[PDB]
Number of protein chains: 2
Amino acid sequence: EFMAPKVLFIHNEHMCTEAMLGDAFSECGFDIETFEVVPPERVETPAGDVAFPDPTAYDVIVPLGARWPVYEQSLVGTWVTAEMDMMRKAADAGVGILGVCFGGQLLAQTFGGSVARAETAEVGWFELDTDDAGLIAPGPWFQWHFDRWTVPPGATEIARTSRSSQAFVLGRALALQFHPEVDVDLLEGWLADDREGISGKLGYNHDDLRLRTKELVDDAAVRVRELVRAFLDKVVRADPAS
Amino acid sequence: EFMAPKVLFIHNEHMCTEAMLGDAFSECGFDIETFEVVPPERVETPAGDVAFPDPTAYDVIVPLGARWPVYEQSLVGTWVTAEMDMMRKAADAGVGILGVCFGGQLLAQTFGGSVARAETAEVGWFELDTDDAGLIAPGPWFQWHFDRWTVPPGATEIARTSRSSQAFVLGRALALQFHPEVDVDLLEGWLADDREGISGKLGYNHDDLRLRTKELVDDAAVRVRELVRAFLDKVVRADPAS
Ligand SMILES: NC(=O)CC[C@H](N)C(=O)O
Ligand SMILES: NC(=O)CC[C@H](N)C(=O)O
């Protein structure tokens with residue numbers, strides 16, 4: 001029996017699912033599993049211990065985004081530290097890791113780079129400056145974040161904007177601050193829950209986010225597939241590191 | 001047959017000794033002992049097991065500062081974890097604990113928080129924002145750190161700056177990110193070994209650090225004594241916790 005490679009998507013929050021990264025991994029031949037960290041009934045009370053699965057059952061694991069601060073005392077005090085422990089165990093066993101937004105920030109904290117409120121948020125589609133366009137293209141990429149990470153020791157920063165570090169590699173781990181996975185329906189799920197932003201008072205508006213996303217669909221679908229393929233080609237091939 | 005209270009100063013690095021904290025505990029009537037973790041010949045190679053003393057022989061134990069990251073894998077895999085075990089044993093036994101800088105971070109890590117590299121290093125004298133001026137005064141207090149902690153679950157943050165958390169209480173333990181102990185002579189030992197920073201190229205210069213320290217000698221001497229007295233009054237009196 002031939003073993004297809006296996007990826008685990010870690011749903012840190014229930015509205016932040018794998019979307020086009022799922023398609024990308026499926027098209028690279030991966031079987032897909034998912035793990036729910038915070039169920040929908042805990043979206044306003046995320047704190048509480050959670051038992052993560054053994055990462056060595058997978059070739060790649062993917063912690064995805066979420067709305068809470070990765071440095072929240074009661075999250076670090078419960079399931080964030082358990083997730084950090086899972087990432088360390090996976091790194092050490094040579095599993096590949098692709099972290100997105102909150103998940104990239106979690107990787108930074110795991111390996112000793114702190115995360116904090118950013119001086120200037122990024123909400124919308126943005127280009128970035130990259131050192132390796134063959135791995136992290138200039139984009140544009142969709143962003144929705146108010147925290148930024150400090151690149152951890154031993155990591156190499158690959159890409160950035162003026163406002164935030166955007167991608168780093170550490171061994172077979174790649175952390176991303178942007179959402180390469182976002183398509184029209186995933187965005188709509190976020191827009192419908194953005195209570196305080198529907199009025200436009202936070203420097204953006206839903207209509208313009210929706211429209212820019214509509215325009216960039218075909219382009220963004222190609223980029224996420226190239227991103228995943230390059231991640232498999234270049235990062236999972238590195239020696240493991242921590 | 002009188003039994004004076006006993007305090008153990010844990011010298012994590014040979015240049016970070018108790019200085020004015022020793023004087024303040026002595027004036028509060030304490031007999032003083034010290035324990036060397038990393039001897040001078042290991043300053044560049046700190047990794048390696050160390051057998052720590054029994055904390056229950058003391059009324060207060062005080063882990064002091066050090067230049068290495070408390071999350072360094074080879075230190076966690078040796079004596080940093082043994083120190084964390086000593087702290088947990090102390091806390092459970094009702095021993096008081098005062099952690100300074102590296103020592104305060106070690107407490108954060110012991111009790112389930114996190115420690116990581118900060119965005120903005122804090123080097124010099126700074127005021128802090130406090131919730132209880134009778135425990136942690138605004139200061140100013142001397143800082144020299146590149147890492148910052150997340151407050152461990154169950155602990156209460158007392159003070160902070162915009163850049164980092166500065167003090168928390170957990171049971172009979174008080175963790176500090178700043179150096180209440182530093183005097184002119186202690187600082188001179190640090191400046192003499194600050195090889196990368198003498199040229200002024202790291203955002204500070206030794207001349208201004210020394211001048212500000214000299215100006216504040218008398219006020220700082222009063223503050224560290226008041227801090228120790230309040231620690232004894234309000235933290236050591238607390239119910240033990242971990
Ligand atoms: N797209 C989202 O809903 C994530 C946004 C959220 N503010 C974050 O931490 O990234
Ligand atoms: N606690 C400290 O950081 C003292 C100074 C610092 N260890 C140095 O590099 O000299």
# chains A, B, ... in the order shown; residues from 1 in each chain; ligands from 1

$ select_by_dssp --residues "segment 1-115 of chain A" --states "helix (DSSP H, G or I)" --output "PDB file with N, CA, C and O atoms, in the first residue's frame"
ATOM      1  N   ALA A  19      -9.326  26.541   3.446  1.00  0.00           N
ATOM      2  CA  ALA A  19      -9.699  27.080   2.149  1.00  0.00           C
ATOM      3  C   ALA A  19      -8.701  26.676   1.063  1.00  0.00           C
ATOM      4  O   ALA A  19      -8.457  25.488   0.849  1.00  0.00           O
ATOM      5  N   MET A  20      -8.088  27.646   0.395  1.00  0.00           N
ATOM      6  CA  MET A  20      -7.312  27.314  -0.808  1.00  0.00           C
ATOM      7  C   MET A  20      -6.004  26.588  -0.505  1.00  0.00           C
ATOM      8  O   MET A  20      -5.408  26.010  -1.429  1.00  0.00           O
ATOM      9  N   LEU A  21      -5.490  26.674   0.729  1.00  0.00           N
ATOM     10  CA  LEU A  21      -4.369  25.829   1.104  1.00  0.00           C
ATOM     11  C   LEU A  21      -4.757  24.355   1.079  1.00  0.00           C
ATOM     12  O   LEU A  21      -3.922  23.497   0.740  1.00  0.00           O
ATOM     13  N   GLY A  22      -5.997  24.038   1.447  1.00  0.00           N
ATOM     14  CA  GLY A  22      -6.476  22.678   1.291  1.00  0.00           C
ATOM     15  C   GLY A  22      -6.411  22.222  -0.155  1.00  0.00           C
ATOM     16  O   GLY A  22      -5.958  21.112  -0.447  1.00  0.00           O
ATOM     17  N   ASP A  23      -6.893  23.066  -1.073  1.00  0.00           N
ATOM     18  CA  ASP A  23      -6.834  22.726  -2.488  1.00  0.00           C
ATOM     19  C   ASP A  23      -5.384  22.533  -2.923  1.00  0.00           C
ATOM     20  O   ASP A  23      -5.048  21.554  -3.597  1.00  0.00           O
ATOM     21  N   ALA A  24      -4.520  23.487  -2.566  1.00  0.00           N
ATOM     22  CA  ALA A  24      -3.106  23.424  -2.904  1.00  0.00           C
ATOM     23  C   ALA A  24      -2.468  22.131  -2.424  1.00  0.00           C
ATOM     24  O   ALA A  24      -1.765  21.465  -3.184  1.00  0.00           O
ATOM     25  N   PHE A  25      -2.674  21.766  -1.152  1.00  0.00           N
ATOM     26  CA  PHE A  25      -2.098  20.512  -0.663  1.00  0.00           C
ATOM     27  C   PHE A  25      -2.726  19.305  -1.367  1.00  0.00           C
ATOM     28  O   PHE A  25      -2.010  18.378  -1.777  1.00  0.00           O
ATOM     29  N   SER A  26      -4.049  19.325  -1.583  1.00  0.00           N
ATOM     30  CA  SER A  26      -4.687  18.227  -2.315  1.00  0.00           C
ATOM     31  C   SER A  26      -4.071  18.053  -3.699  1.00  0.00           C
ATOM     32  O   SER A  26      -3.898  16.927  -4.190  1.00  0.00           O
ATOM     33  N   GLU A  27      -3.757  19.161  -4.356  1.00  0.00           N
ATOM     34  CA  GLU A  27      -3.223  19.091  -5.706  1.00  0.00           C
ATOM     35  C   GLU A  27      -1.769  18.652  -5.725  1.00  0.00           C
ATOM     36  O   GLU A  27      -1.331  18.102  -6.729  1.00  0.00           O
ATOM     37  N   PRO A  40     -16.795  26.370  18.309  1.00  0.00           N
ATOM     38  CA  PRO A  40     -17.522  27.649  18.162  1.00  0.00           C
ATOM     39  C   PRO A  40     -18.152  28.144  19.457  1.00  0.00           C
ATOM     40  O   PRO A  40     -18.261  29.364  19.659  1.00  0.00           O
ATOM     41  N   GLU A  41     -18.530  27.242  20.368  1.00  0.00           N
ATOM     42  CA  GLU A  41     -19.136  27.699  21.621  1.00  0.00           C
ATOM     43  C   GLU A  41     -18.135  28.396  22.542  1.00  0.00           C
ATOM     44  O   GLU A  41     -18.566  29.051  23.502  1.00  0.00           O
ATOM     45  N   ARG A  42     -16.832  28.349  22.229  1.00  0.00           N
ATOM     46  CA  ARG A  42     -15.809  29.012  23.037  1.00  0.00           C
ATOM     47  C   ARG A  42     -15.189  30.229  22.368  1.00  0.00           C
ATOM     48  O   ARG A  42     -14.164  30.729  22.860  1.00  0.00           O
ATOM     49  N   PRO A  55       2.024  14.890  16.438  1.00  0.00           N
ATOM     50  CA  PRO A  55       2.336  15.444  15.107  1.00  0.00           C
ATOM     51  C   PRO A  55       3.085  14.492  14.200  1.00  0.00           C
ATOM     52  O   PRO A  55       3.050  14.667  12.972  1.00  0.00           O
ATOM     53  N   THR A  56       3.764  13.494  14.753  1.00  0.00           N
ATOM     54  CA  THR A  56       4.609  12.647  13.915  1.00  0.00           C
ATOM     55  C   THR A  56       3.794  11.717  13.022  1.00  0.00           C
ATOM     56  O   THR A  56       4.382  10.995  12.204  1.00  0.00           O
ATOM     57  N   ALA A  57       2.466  11.713  13.151  1.00  0.00           N
ATOM     58  CA  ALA A  57       1.591  11.011  12.221  1.00  0.00           C
ATOM     59  C   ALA A  57       1.470  11.719  10.876  1.00  0.00           C
ATOM     60  O   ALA A  57       0.880  11.160   9.949  1.00  0.00           O
ATOM     61  N   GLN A  73      -2.313  35.812  28.450  1.00  0.00           N
ATOM     62  CA  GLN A  73      -1.883  35.049  29.616  1.00  0.00           C
ATOM     63  C   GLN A  73      -2.637  33.742  29.756  1.00  0.00           C
ATOM     64  O   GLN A  73      -2.049  32.713  30.099  1.00  0.00           O
ATOM     65  N   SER A  74      -3.969  33.774  29.604  1.00  0.00           N
ATOM     66  CA  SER A  74      -4.738  32.566  29.858  1.00  0.00           C
ATOM     67  C   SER A  74      -4.747  31.611  28.674  1.00  0.00           C
ATOM     68  O   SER A  74      -5.149  30.449  28.850  1.00  0.00           O
ATOM     69  N   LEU A  75      -4.298  32.068  27.498  1.00  0.00           N
ATOM     70  CA  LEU A  75      -4.114  31.161  26.372  1.00  0.00           C
ATOM     71  C   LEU A  75      -2.754  30.497  26.483  1.00  0.00           C
ATOM     72  O   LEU A  75      -2.665  29.269  26.461  1.00  0.00           O
ATOM     73  N   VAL A  76      -1.683  31.293  26.660  1.00  0.00           N
ATOM     74  CA  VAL A  76      -0.364  30.706  26.929  1.00  0.00           C
ATOM     75  C   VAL A  76      -0.459  29.774  28.136  1.00  0.00           C
ATOM     76  O   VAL A  76       0.216  28.739  28.229  1.00  0.00           O
ATOM     77  N   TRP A  79      -3.986  26.302  26.143  1.00  0.00           N
ATOM     78  CA  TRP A  79      -3.743  25.510  24.929  1.00  0.00           C
ATOM     79  C   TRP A  79      -2.679  26.081  24.001  1.00  0.00           C
ATOM     80  O   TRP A  79      -2.165  25.341  23.139  1.00  0.00           O
ATOM     81  N   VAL A  80      -2.335  27.362  24.125  1.00  0.00           N
ATOM     82  CA  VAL A  80      -1.272  27.887  23.262  1.00  0.00           C
ATOM     83  C   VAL A  80       0.060  27.217  23.564  1.00  0.00           C
ATOM     84  O   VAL A  80       0.821  26.857  22.646  1.00  0.00           O
ATOM     85  N   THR A  81       0.371  27.039  24.838  1.00  0.00           N
ATOM     86  CA  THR A  81       1.599  26.341  25.195  1.00  0.00           C
ATOM     87  C   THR A  81       1.558  24.878  24.756  1.00  0.00           C
ATOM     88  O   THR A  81       2.580  24.338  24.291  1.00  0.00           O
ATOM     89  N   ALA A  82       0.400  24.220  24.861  1.00  0.00           N
ATOM     90  CA  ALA A  82       0.294  22.857  24.325  1.00  0.00           C
ATOM     91  C   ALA A  82       0.537  22.827  22.806  1.00  0.00           C
ATOM     92  O   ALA A  82       1.149  21.888  22.279  1.00  0.00           O
ATOM     93  N   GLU A  83       0.035  23.832  22.076  1.00  0.00           N
ATOM     94  CA  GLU A  83       0.285  23.885  20.631  1.00  0.00           C
ATOM     95  C   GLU A  83       1.750  24.165  20.347  1.00  0.00           C
ATOM     96  O   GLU A  83       2.350  23.554  19.431  1.00  0.00           O
ATOM     97  N   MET A  84       2.346  25.064  21.142  1.00  0.00           N
ATOM     98  CA  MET A  84       3.777  25.345  21.016  1.00  0.00           C
ATOM     99  C   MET A  84       4.584  24.086  21.254  1.00  0.00           C
ATOM    100  O   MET A  84       5.547  23.809  20.522  1.00  0.00           O
ATOM    101  N   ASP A  85       4.194  23.298  22.252  1.00  0.00           N
ATOM    102  CA  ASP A  85       4.873  22.024  22.513  1.00  0.00           C
ATOM    103  C   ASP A  85       4.729  21.067  21.328  1.00  0.00           C
ATOM    104  O   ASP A  85       5.702  20.410  20.922  1.00  0.00           O
ATOM    105  N   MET A  86       3.524  20.977  20.760  1.00  0.00           N
ATOM    106  CA  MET A  86       3.343  20.178  19.543  1.00  0.00           C
ATOM    107  C   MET A  86       4.248  20.643  18.408  1.00  0.00           C
ATOM    108  O   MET A  86       4.832  19.816  17.694  1.00  0.00           O
ATOM    109  N   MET A  87       4.345  21.954  18.176  1.00  0.00           N
ATOM    110  CA  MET A  87       5.229  22.428  17.110  1.00  0.00           C
ATOM    111  C   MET A  87       6.688  22.038  17.368  1.00  0.00           C
ATOM    112  O   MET A  87       7.415  21.671  16.432  1.00  0.00           O
ATOM    113  N   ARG A  88       7.147  22.154  18.624  1.00  0.00           N
ATOM    114  CA  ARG A  88       8.525  21.789  18.954  1.00  0.00           C
ATOM    115  C   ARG A  88       8.768  20.306  18.701  1.00  0.00           C
ATOM    116  O   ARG A  88       9.763  19.920  18.055  1.00  0.00           O
ATOM    117  N   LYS A  89       7.834  19.467  19.145  1.00  0.00           N
ATOM    118  CA  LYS A  89       7.947  18.030  18.920  1.00  0.00           C
ATOM    119  C   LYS A  89       7.962  17.700  17.430  1.00  0.00           C
ATOM    120  O   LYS A  89       8.745  16.862  16.971  1.00  0.00           O
ATOM    121  N   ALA A  90       7.096  18.349  16.658  1.00  0.00           N
ATOM    122  CA  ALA A  90       7.103  18.150  15.210  1.00  0.00           C
ATOM    123  C   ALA A  90       8.414  18.613  14.590  1.00  0.00           C
ATOM    124  O   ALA A  90       9.028  17.892  13.787  1.00  0.00           O
ATOM    125  N   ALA A  91       8.855  19.828  14.922  1.00  0.00           N
ATOM    126  CA  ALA A  91      10.135  20.284  14.394  1.00  0.00           C
ATOM    127  C   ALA A  91      11.219  19.248  14.678  1.00  0.00           C
ATOM    128  O   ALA A  91      12.016  18.887  13.803  1.00  0.00           O
ATOM    129  N   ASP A  92      11.241  18.738  15.897  1.00  0.00           N
ATOM    130  CA  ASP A  92      12.327  17.851  16.293  1.00  0.00           C
ATOM    131  C   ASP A  92      12.250  16.520  15.566  1.00  0.00           C
ATOM    132  O   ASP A  92      13.294  15.914  15.274  1.00  0.00           O
ATOM    133  N   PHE A 102      -1.923  34.038  13.004  1.00  0.00           N
ATOM    134  CA  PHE A 102      -1.810  33.546  14.392  1.00  0.00           C
ATOM    135  C   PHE A 102      -0.881  32.310  14.453  1.00  0.00           C
ATOM    136  O   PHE A 102      -0.046  32.166  15.354  1.00  0.00           O
ATOM    137  N   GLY A 103      -0.981  31.443  13.443  1.00  0.00           N
ATOM    138  CA  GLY A 103      -0.148  30.257  13.435  1.00  0.00           C
ATOM    139  C   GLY A 103       1.316  30.553  13.181  1.00  0.00           C
ATOM    140  O   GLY A 103       2.189  29.878  13.737  1.00  0.00           O
ATOM    141  N   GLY A 104       1.602  31.562  12.350  1.00  0.00           N
ATOM    142  CA  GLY A 104       2.971  32.005  12.170  1.00  0.00           C
ATOM    143  C   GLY A 104       3.475  32.692  13.418  1.00  0.00           C
ATOM    144  O   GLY A 104       4.634  32.520  13.806  1.00  0.00           O
ATOM    145  N   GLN A 105       2.622  33.509  14.041  1.00  0.00           N
ATOM    146  CA  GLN A 105       2.993  34.127  15.315  1.00  0.00           C
ATOM    147  C   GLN A 105       3.241  33.074  16.384  1.00  0.00           C
ATOM    148  O   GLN A 105       4.188  33.189  17.164  1.00  0.00           O
ATOM    149  N   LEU A 106       2.444  32.020  16.404  1.00  0.00           N
ATOM    150  CA  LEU A 106       2.663  30.937  17.356  1.00  0.00           C
ATOM    151  C   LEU A 106       4.020  30.288  17.123  1.00  0.00           C
ATOM    152  O   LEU A 106       4.729  29.955  18.077  1.00  0.00           O
ATOM    153  N   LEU A 107       4.420  30.136  15.860  1.00  0.00           N
ATOM    154  CA  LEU A 107       5.733  29.574  15.590  1.00  0.00           C
ATOM    155  C   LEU A 107       6.822  30.477  16.137  1.00  0.00           C
ATOM    156  O   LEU A 107       7.807  30.003  16.716  1.00  0.00           O
ATOM    157  N   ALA A 108       6.682  31.788  15.932  1.00  0.00           N
ATOM    158  CA  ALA A 108       7.674  32.706  16.450  1.00  0.00           C
ATOM    159  C   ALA A 108       7.800  32.569  17.962  1.00  0.00           C
ATOM    160  O   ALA A 108       8.904  32.422  18.492  1.00  0.00           O
ATOM    161  N   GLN A 109       6.675  32.560  18.674  1.00  0.00           N
ATOM    162  CA  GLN A 109       6.723  32.415  20.133  1.00  0.00           C
ATOM    163  C   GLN A 109       7.308  31.063  20.547  1.00  0.00           C
ATOM    164  O   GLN A 109       8.081  30.968  21.513  1.00  0.00           O
ATOM    165  N   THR A 110       6.934  30.005  19.847  1.00  0.00           N
ATOM    166  CA  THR A 110       7.493  28.691  20.138  1.00  0.00           C
ATOM    167  C   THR A 110       9.022  28.720  20.207  1.00  0.00           C
ATOM    168  O   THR A 110       9.632  28.064  21.065  1.00  0.00           O
TER     169      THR A 110
END

$ interface_residues --of "chain A" --to "chain B" --cutoff "6 Å" --atoms "only C-alpha atoms" --output "ChimeraX atom specification"
/A:73-74,77,112-114,150

$ select_by_dssp --residues "segment 165-237 of chain B" --states "strand (DSSP E or B)" --output "list in words"
residues 165, 166, 167, 168, 169, 170, 173, 174, 175, 176 and 179 of chain B

$ write_last_selection --atoms "N, CA, C and O atoms" --output "PDB file, in the first residue's frame"
ATOM      1  N   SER B 165       6.312  43.520  30.322  1.00  0.00           N
ATOM      2  CA  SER B 165       5.820  43.302  31.682  1.00  0.00           C
ATOM      3  C   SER B 165       7.011  43.387  32.628  1.00  0.00           C
ATOM      4  O   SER B 165       8.111  42.928  32.296  1.00  0.00           O
ATOM      5  N   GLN B 166       6.797  43.999  33.791  1.00  0.00           N
ATOM      6  CA  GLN B 166       7.883  44.344  34.699  1.00  0.00           C
ATOM      7  C   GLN B 166       7.816  43.664  36.056  1.00  0.00           C
ATOM      8  O   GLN B 166       8.863  43.478  36.674  1.00  0.00           O
ATOM      9  N   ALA B 167       6.627  43.306  36.549  1.00  0.00           N
ATOM     10  CA  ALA B 167       6.520  42.585  37.814  1.00  0.00           C
ATOM     11  C   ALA B 167       5.207  41.832  37.884  1.00  0.00           C
ATOM     12  O   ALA B 167       4.158  42.347  37.477  1.00  0.00           O
ATOM     13  N   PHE B 168       5.259  40.630  38.441  1.00  0.00           N
ATOM     14  CA  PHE B 168       4.057  39.871  38.724  1.00  0.00           C
ATOM     15  C   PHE B 168       4.245  39.134  40.042  1.00  0.00           C
ATOM     16  O   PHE B 168       5.371  38.848  40.489  1.00  0.00           O
ATOM     17  N   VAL B 169       3.118  38.864  40.671  1.00  0.00           N
ATOM     18  CA  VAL B 169       3.071  38.078  41.883  1.00  0.00           C
ATOM     19  C   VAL B 169       2.347  36.780  41.583  1.00  0.00           C
ATOM     20  O   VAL B 169       1.329  36.759  40.874  1.00  0.00           O
ATOM     21  N   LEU B 170       2.854  35.701  42.160  1.00  0.00           N
ATOM     22  CA  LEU B 170       2.222  34.388  42.083  1.00  0.00           C
ATOM     23  C   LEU B 170       2.464  33.784  43.455  1.00  0.00           C
ATOM     24  O   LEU B 170       3.582  33.389  43.768  1.00  0.00           O
ATOM     25  N   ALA B 173       5.775  34.313  45.454  1.00  0.00           N
ATOM     26  CA  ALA B 173       6.820  34.683  44.517  1.00  0.00           C
ATOM     27  C   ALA B 173       6.539  36.039  43.869  1.00  0.00           C
ATOM     28  O   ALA B 173       5.437  36.303  43.385  1.00  0.00           O
ATOM     29  N   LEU B 174       7.567  36.870  43.799  1.00  0.00           N
ATOM     30  CA  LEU B 174       7.518  38.147  43.093  1.00  0.00           C
ATOM     31  C   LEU B 174       8.620  38.129  42.042  1.00  0.00           C
ATOM     32  O   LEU B 174       9.792  37.933  42.374  1.00  0.00           O
ATOM     33  N   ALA B 175       8.243  38.292  40.789  1.00  0.00           N
ATOM     34  CA  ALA B 175       9.174  38.277  39.658  1.00  0.00           C
ATOM     35  C   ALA B 175       9.363  39.705  39.173  1.00  0.00           C
ATOM     36  O   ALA B 175       8.384  40.414  38.987  1.00  0.00           O
ATOM     37  N   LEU B 176      10.603  40.121  38.966  1.00  0.00           N
ATOM     38  CA  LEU B 176      10.933  41.453  38.466  1.00  0.00           C
ATOM     39  C   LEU B 176      11.763  41.355  37.187  1.00  0.00           C
ATOM     40  O   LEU B 176      12.704  40.560  37.124  1.00  0.00           O
ATOM     41  N   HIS B 179      16.323  45.618  37.601  1.00  0.00           N
ATOM     42  CA  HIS B 179      17.404  45.375  38.557  1.00  0.00           C
ATOM     43  C   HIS B 179      17.318  46.354  39.720  1.00  0.00           C
ATOM     44  O   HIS B 179      17.976  47.408  39.689  1.00  0.00           O
TER      45      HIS B 179
END

$ closest_atom_pairs --of "chain A" --to "ligand 1" --cutoff "8 Å" --atoms "only C-alpha atoms and all ligand atoms" --output "Markdown table"
| residue | atom | partner | partner_atom_place_in_ligand_line | distance |
| --- | --- | --- | --- | --- |
| A:15 | CA | ligand 1 | 3 (O) | 7.4 |
| A:16 | CA | ligand 1 | 3 (O) | 6.6 |
| A:65 | CA | ligand 1 | 4 (C) | 5.8 |
| A:66 | CA | ligand 1 | 9 (O) | 5.0 |
| A:67 | CA | ligand 1 | 6 (C) | 4.0 |
| A:68 | CA | ligand 1 | 9 (O) | 6.0 |
| A:69 | CA | ligand 1 | 9 (O) | 6.9 |
| A:101 | CA | ligand 1 | 10 (O) | 5.6 |
| A:102 | CA | ligand 1 | 9 (O) | 5.5 |
| A:143 | CA | ligand 1 | 1 (N) | 7.4 |
| A:144 | CA | ligand 1 | 5 (C) | 4.6 |
| A:145 | CA | ligand 1 | 10 (O) | 4.1 |
| A:146 | CA | ligand 1 | 7 (N) | 6.0 |
| A:147 | CA | ligand 1 | 9 (O) | 7.0 |
| A:179 | CA | ligand 1 | 1 (N) | 7.4 |
| A:187 | CA | ligand 1 | 1 (N) | 7.4 |
| A:190 | CA | ligand 1 | 3 (O) | 5.4 |

$ residues_around --residues "residue 28 of chain B" --least-positions-apart "6" --cutoff "12 Å" --atoms "only C-alpha atoms" --output "VMD selection string"
chain B and resid 4 to 7 21 to 22 224 to 233

$ atom_distance --atom1 "atom CA of residue 9 of chain A" --atom2 "atom CA of residue 213 of chain A"
23.2 Å

$ atom_distance --atom1 "atom CA of residue 192 of chain B" --atom2 "atom 10 (O, counted along the ligand's line) of ligand 2"
8.2 Å

$ atom_distance --atom1 "atom CA of residue 8 of chain B" --atom2 "atom CA of residue 61 of chain B"
4.8 Å

$ residues_around --residues "residue 236 of chain B" --least-positions-apart "2" --cutoff "6 Å" --atoms "only C-alpha atoms" --output "PyMOL selection string"
chain B and resi 96+172+232+238

$ closest_residue --among "A:199, A:141, A:193, A:210" --to "residue 181 of chain A" --atoms "only C-alpha atoms"
A:141

$ residues_around --residues "residue 138 of chain A" --least-positions-apart "5" --cutoff "12 Å" --atoms "only C-alpha atoms" --output "tab-separated table (two decimals) with N, CA, C and O atoms, in the first residue's frame"
chain	number	residue	atom	x	y	z
A	125	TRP	N	-5.21	43.87	0.99
A	125	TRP	CA	-4.23	43.25	0.10
A	125	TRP	C	-2.99	44.12	-0.03
A	125	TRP	O	-3.09	45.32	-0.30
A	126	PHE	N	-1.82	43.51	0.16
A	126	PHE	CA	-0.57	44.26	0.23
A	126	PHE	C	0.53	43.51	-0.50
A	126	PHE	O	0.59	42.28	-0.45
A	127	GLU	N	1.42	44.25	-1.15
A	127	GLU	CA	2.65	43.65	-1.64
A	127	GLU	C	3.65	43.53	-0.50
A	127	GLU	O	3.51	44.15	0.54
A	128	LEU	N	4.66	42.71	-0.70
A	128	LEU	CA	5.72	42.66	0.29
A	128	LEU	C	7.06	42.66	-0.43
A	128	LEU	O	7.15	42.42	-1.65
A	129	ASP	N	8.10	42.95	0.35
A	129	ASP	CA	9.49	42.86	-0.09
A	129	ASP	C	10.02	41.48	0.29
A	129	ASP	O	9.98	41.10	1.47
A	130	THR	N	10.51	40.72	-0.69
A	130	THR	CA	10.97	39.36	-0.45
A	130	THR	C	12.40	39.15	-0.93
A	130	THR	O	12.81	39.69	-1.96
A	131	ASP	N	13.13	38.30	-0.21
A	131	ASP	CA	14.50	37.95	-0.58
A	131	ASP	C	14.58	36.75	-1.51
A	131	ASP	O	15.64	36.49	-2.09
A	132	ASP	N	13.48	35.98	-1.62
A	132	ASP	CA	13.42	34.75	-2.41
A	132	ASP	C	12.03	34.68	-3.04
A	132	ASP	O	11.12	34.02	-2.52
A	133	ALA	N	11.87	35.35	-4.20
A	133	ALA	CA	10.56	35.39	-4.85
A	133	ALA	C	10.14	34.01	-5.32
A	133	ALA	O	8.96	33.78	-5.57
A	158	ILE	N	12.45	36.03	5.48
A	158	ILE	CA	12.42	35.89	4.04
A	158	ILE	C	11.73	37.09	3.41
A	158	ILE	O	12.04	37.46	2.29
A	159	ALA	N	10.75	37.67	4.10
A	159	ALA	CA	9.95	38.71	3.49
A	159	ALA	C	9.41	39.64	4.57
A	159	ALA	O	9.34	39.28	5.75
A	160	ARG	N	9.07	40.86	4.17
A	160	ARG	CA	8.58	41.84	5.12
A	160	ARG	C	7.89	42.97	4.38
A	160	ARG	O	8.10	43.16	3.17
A	161	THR	N	7.03	43.68	5.10
A	161	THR	CA	6.59	45.02	4.71
A	161	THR	C	7.25	46.00	5.65
A	161	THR	O	7.88	45.62	6.63
A	166	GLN	N	6.98	39.36	7.62
A	166	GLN	CA	5.91	38.64	6.93
A	166	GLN	C	6.18	37.16	6.71
A	166	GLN	O	5.21	36.40	6.59
A	167	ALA	N	7.43	36.73	6.63
A	167	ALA	CA	7.75	35.32	6.48
A	167	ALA	C	9.16	35.04	6.98
A	167	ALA	O	10.10	35.76	6.65
A	178	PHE	N	0.64	36.73	6.56
A	178	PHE	CA	-0.50	36.91	5.68
A	178	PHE	C	-1.31	35.62	5.50
A	178	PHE	O	-0.90	34.52	5.93
A	180	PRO	N	-2.47	33.36	2.71
A	180	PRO	CA	-2.46	32.99	1.29
A	180	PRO	C	-3.71	32.20	0.89
A	180	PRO	O	-3.97	32.02	-0.31
A	220	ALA	N	-4.59	35.02	-7.08
A	220	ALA	CA	-4.28	34.52	-5.74
A	220	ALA	C	-4.40	33.01	-5.68
A	220	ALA	O	-3.71	32.37	-4.90
A	223	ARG	N	-1.03	31.70	-6.87
A	223	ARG	CA	0.08	31.97	-5.96
A	223	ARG	C	0.10	31.00	-4.78
A	223	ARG	O	1.17	30.59	-4.34
A	227	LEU	N	3.12	28.71	-3.80
A	227	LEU	CA	3.68	28.82	-2.46
A	227	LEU	C	3.81	27.45	-1.81
A	227	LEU	O	4.88	27.09	-1.30
